[PDB]
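Notes to accompany the following structure.
The values are calculated or read from the model by the stated rules, or taken from the named source; no laboratory read-out is quoted. In this analysis, Cβ positions are derived from the backbone assuming ideal geometry, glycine residues included, and neighbour counts consider all displayed protein chains.
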There are 2 protein chains.
Amino acid sequence: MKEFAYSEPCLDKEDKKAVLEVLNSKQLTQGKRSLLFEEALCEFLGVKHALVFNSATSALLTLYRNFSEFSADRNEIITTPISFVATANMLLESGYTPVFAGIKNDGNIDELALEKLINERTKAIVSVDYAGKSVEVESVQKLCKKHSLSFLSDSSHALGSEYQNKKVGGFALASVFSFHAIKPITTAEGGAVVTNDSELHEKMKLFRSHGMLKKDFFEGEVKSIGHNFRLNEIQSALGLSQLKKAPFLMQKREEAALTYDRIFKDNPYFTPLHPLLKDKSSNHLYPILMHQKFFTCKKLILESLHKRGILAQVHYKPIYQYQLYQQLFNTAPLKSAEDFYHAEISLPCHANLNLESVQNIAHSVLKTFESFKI
Amino acid sequence: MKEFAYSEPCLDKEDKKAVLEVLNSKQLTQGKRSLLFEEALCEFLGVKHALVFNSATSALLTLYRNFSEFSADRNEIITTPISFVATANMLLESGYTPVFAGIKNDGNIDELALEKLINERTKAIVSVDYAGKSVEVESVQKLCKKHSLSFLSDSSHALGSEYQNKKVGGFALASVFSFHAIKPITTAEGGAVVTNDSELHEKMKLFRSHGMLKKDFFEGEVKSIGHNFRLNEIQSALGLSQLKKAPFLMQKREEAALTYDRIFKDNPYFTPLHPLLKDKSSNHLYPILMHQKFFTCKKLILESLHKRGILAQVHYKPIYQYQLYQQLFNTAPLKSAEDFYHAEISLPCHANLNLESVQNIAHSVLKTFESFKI
Ligand SMILES: *Cc1c(COP(=O)(O)O)cnc(C)c1O
Ligand SMILES: *Cc1c(COP(=O)(O)O)cnc(C)c1O
């Protein structure tokens with residue numbers, strides 16, 4: 001064999017050490033470490049508040065449910081069809097109707113194609129930093145200010161990524177990050193909502209934990225519902241430990257990407273996105289875009305790659321194509337999204353991928369594409 | 001000092017070892033160990049299906065949401081006011097209106113006071129095994145069969161507890177368990193829904209994880225929404241390890257309880273519930289009930305206890321007393337619930353409490369009560 005998944009977790013002696021001491025403690029959850037992890041996120045991102053969750057999908061639900069109250073008259077939210085289905089499933093769960101915008105070459109939501117989709121039902125815009133590349137923040141901030149819309153950012157891919165030399169996380173009303181096993185850094189399962197809005201932070205904090213407010217050690221008060229989406233102490237210690245070396249892990253991915261770039265440069269088969277970056281990316285993904293000619297035999301290419309141990313993946317199937325979304329709003333397919341979908345392949349890319357591996361992978365990808373003459 | 005919390009987690013060399021090997025794995029989530037943990041639950045409980053979640057509150061949401069589809073005409077569910085607010089908050093989140101039944105001496109829902117609360121809107125009955133003592137299963141099973149009602153059980157307290165020499169978990173349409181830090185066994189945060197209904201297991205399974213159905217390694221299908229309430233591999237390993245010694249841990253609590261029983265026997269201040277058991281209990285709590293005379297100075301008693309290092313707690317404030325529930329349905333106070341609330345104190349009780357400690361605690365409790373003459 002010799003099989004490379006598209007991403008994998010990268011833990012070290014430190015991470016493990018960090019988890020041990022927690023197991024020695026009487027305080028396994030709702031303890032000092034999640035608070036520490038939250039503060040460390042704040043300093044890393046330069047934002048004013050941070051909340052950690054069991055998953056980013058819980059984070060998303062919490063944000064959608066709490067950034068404003070729900071009004072049946074302001075029930076539309078614009079977002080991208082190119083993202084993990086979770087971005088939209090949580091919109092549904094919060095009563096909102098997703099309105100799918102066109103995307104651009106780089107997989108990011110098309111900021112120029114947003115305004116025509118706004119009507120008096122439009123409440124918010126939910127962008128996704130695809131592969132860790134920050135969307136056109138300045139452009140969207142303004143569109144929303146102009147139309148009194150809330151700017152929400154699913155930045156699951158992008159912890160560490162920058163826009164105009166400023167870290168992603170601060171730009172939206174709130175931003176979501178993910179610490180799933182295979183994201184930039186991990187807590188096995190995990191997520192976070194950061195924001196500069198204290199009131200929002202507070203509402204979310206409660207929603208995350210039963211809506212319980214304290215009085216004394218013996219009694220509480222509940223003025224509104226909440227769940228249990230808390231991140232426990234074991235995972236928080238892991239997160240803290242992972243975050244400390246976040247820039248290091250990002251750079252490893254960056255170097256892997258540069259190696260891909262050297263070898264793919266000017267190839268006749270596909271176009272890699274990484275070279276086109278203007279700001280630092282978390283490099284959560286290393287996507288390549290096939291030329292139109294290869295579309296109709298994509299499946300065979302993926303299988304060919306998999307036969308070489310390159311467990312490639314596609315991000316993402318346009319969300320509106322899922323049976324549930326068809327069922328609910330027969331959504332007209334979007335040329336930009338459909339094209340990107342058929343074209344995109346994410347190659348193996350994570351902090352533990354060494355020089356030798358990248359080169360073997362990069363050459364196998366080329367050998368594969370060329371085998372399918374014209 | 002020398003402070004005893006009312007419960008605490010009990011990990012050992014095994015537990016830790018178990019967590020380590022997972023940290024050495026490339027598979028930190030959605031892996032072999034949660035499946036293993038799920039099977040181990042099935043054998044322990046003798047049920048046919050088990051699903052593990054990030055928390056019991058997520059488990060509860062998932063059950064409530066999926067045991068049937070929601071119909072505005074069958075929107076009422078009967079449950080107890082004596083339980084953790086989570087039991088009811090998730091009912092609200094699933095569109096249901098909680099209908100609060102009276103309880104009995106032992107804190108359990110009064111099976112004799114249930115029938116009169118049923119009308120053509122009633123959909124289900126949600127019982128709680130208070131302190132790990134099984135409710136009157138036979139009686140409820142029948143009431144539901146008779147009125148075509150779904151029997152749901154919040155058995156968070158009761159993993160290991162028995163009813164008529166059969167383990168709790170099998171008796172309802174489904175049952176929820178919790179592995180929060182201080183429950184019978186722990187995964188730091190964690191929960192489970194067990195059931196003998198495959199279709200229900202399947203719907204819940206999907207709801208737990210984005211509603212994603214597989215096609216090949218490259219594509220999925222989504223016919224209905226789902227979240228991320230998955231339990232990761234680290235916690236699953238912990239759960240597995242903990243479950244192996246579950247009966248051992250339960251017996252440790254049993255012994256602690258028996259020691260309390262010896263010393264409290266015939267005391268003139270309060271009545272402990274443990275002696276009154278008819279079946280094995282998980283002994284998640286060791287509750288004592290004060291006589292009416294002490295009610296009006298409960299607060300001072302709790303503080304007095306706390307000054308002695310006995311960090312006692314009350315389970316539970318009647319749910320309908322929470323500002324949110326008052327707000328939504330000005331619920332008339334129930335004498336049984338109100339009485340139990342004012343009376344109940346949970347004393348320290350967990351697998352790591354040794355003979356010496358229990359005796360010191362037991363005598364301190366007595367000293368405390370007697371200090372408040374008449
Ligand atoms: C995977 C992902 C999420 C889901 O978050 P989890 O941590 O897996 O719960 C949300 N949005 C995007 C864009 C994702 O990549
Ligand atoms: C604690 C508890 C829950 C909530 O479970 P978590 O694991 O904390 O999410 C639900 N019901 C009862 C009876 C509980 O005691």
With the requirement that a residue be buried (at least 21 other Cβ atoms within 10 Å of the Cβ) and part of a helix (DSSP H, G or I), what does the stretch A:275-300 give you? none
Is it fair to say A:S224 is surrounded by 23 or more Cβ atoms within 10 Å (Cβ to Cβ) and polar (S, T, N, Q)? no
Just checking, does the stretch B:168-175 include any residue being touching a helix residue (DSSP H, G or I) at 6+ places or on another chain (Cβ under 8 Å), in contact (Cβ under 8 Å) with a residue 12 or more places away in the chain and surrounded by fewer than 20 Cβ atoms within 10 Å (Cβ to Cβ)? yes
Wholly inside the stretch A:153-266, helices (runs of 4 or more DSSP H) that include 2 or more residues that are at the interface with chain B (Cβ under 9 Å from one of its Cβ atoms) and within 16 Å of ligand 2 (Cβ to nearest atom) are A:233-244
Would you check which residues across the stretch A:325-374 are assigned to a loop (DSSP other than H, G, I, E, B), surrounded by 21 or more Cβ atoms within 10 Å (Cβ to Cβ) and among the β-branched types (V, I, T) and list them? none
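So that you can scan it fast, the table gives a plain yes or no per residue for (1) touching a residue at least 40 places away in the same chain (Cβ under 8 Å); (2) small (G, A, S); (3) under 25 Å from A:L112 (Cα atoms):
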residue	(1), (2), (3)
A:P287	yes, no, yes
A:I301	yes, no, no
A:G309	yes, yes, no
A:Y341	yes, no, yes
A:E344	yes, no, yes
A:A362	yes, yes, no
A:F372	yes, no, no
Look through the stretch B:139-152, keep the residues that are touching a residue at least 24 places away in the same chain (Cβ under 8 Å) and away from ligand 2 (no atom under 16 Å from the Cβ), and return whichever of them is farthest from the chain's Cα centre (by Cα). B:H147
Given B:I103, B:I118, which one is farther than 21 Å from A:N228 by Cα, touching a residue at least 60 places away in the same chain (Cβ under 8 Å) and either buried (at least 21 other Cβ atoms within 10 Å of the Cβ) or away from every other protein chain (no Cβ under 12 Å) (or both)? B:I103
Would you say A:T186 is out of contact with any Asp or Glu (no Cβ under 6 Å at 6 or more places or on another chain), over 18 Å from A:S94 (Cα atoms), within 16 Å of ligand 1 (Cβ to nearest atom) and in contact (Cβ under 8 Å) with a residue 60 or more places away in the chain? yes
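Within the stretch B:54-100, can you find the residues that are within 16 Å of ligand 1 (Cβ to nearest atom) and at the interface with another protein chain (Cβ under 9 Å from one of its Cβ atoms)?
Of everything in the stretch B:54-100, those that are within 16 Å of ligand 1 (Cβ to nearest atom) and at the interface with another protein chain (Cβ under 9 Å from one of its Cβ atoms) turn out to be B:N54, B:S55, B:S58, B:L61.
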Over 30 Å from B:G160 (Cα atoms) and away from every other protein chain (no Cβ under 14 Å), is that true of B:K307? no
Is at least one residue of the stretch A:278-292 closer than 30 Å to A:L92 by Cβ, within 21 Å of the chain's Cα centre (by Cα) and of a type in the set (D, E)? no
Here is a check on your reading of the model: is B:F229 surrounded by 17 or more Cβ atoms within 10 Å (Cβ to Cβ), among the aromatic types (F, W, Y), closer than 30 Å to A:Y320 by Cβ and in the same structural domain as B:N165 (by CATH)? yes
Single residue of A:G160, A:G170 found to be away from ligand 1 (no atom under 16 Å from the Cβ) and small (G, A, S): A:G170
Only unsatisfied item for B:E199, checking (1) crowded, with 20+ Cβ neighbours inside 10 Å; (2) under 15 Å from B:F67 (Cα atoms); (3) acidic (D, E), is (1)
Of the conditions (1) part of a loop (DSSP other than H, G, I, E, B); (2) at positive phi, the single one that A:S134 does not satisfy is (2)
Note on the stretch B:82-100: residues in contact with an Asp or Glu (Cβ under 9 Å, 6 or more places away or on another chain) and in contact (Cβ under 8 Å) with a residue 24 or more places away in the chain are B:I82, B:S83, B:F84, B:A86, B:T87, B:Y96, B:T97, B:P98
Looking at the stretch B:36-53, which of its residues are more than 17 Å from the chain's Cα centre (by Cα) and within 16 Å of ligand 1 (Cβ to nearest atom)? none
Selected residue (only one of A:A72, A:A124, A:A86 is crowded, with 24+ Cβ neighbours inside 10 Å and either among the β-branched types (V, I, T) or in the same structural domain as A:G211 (by CATH) (or both)): A:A86
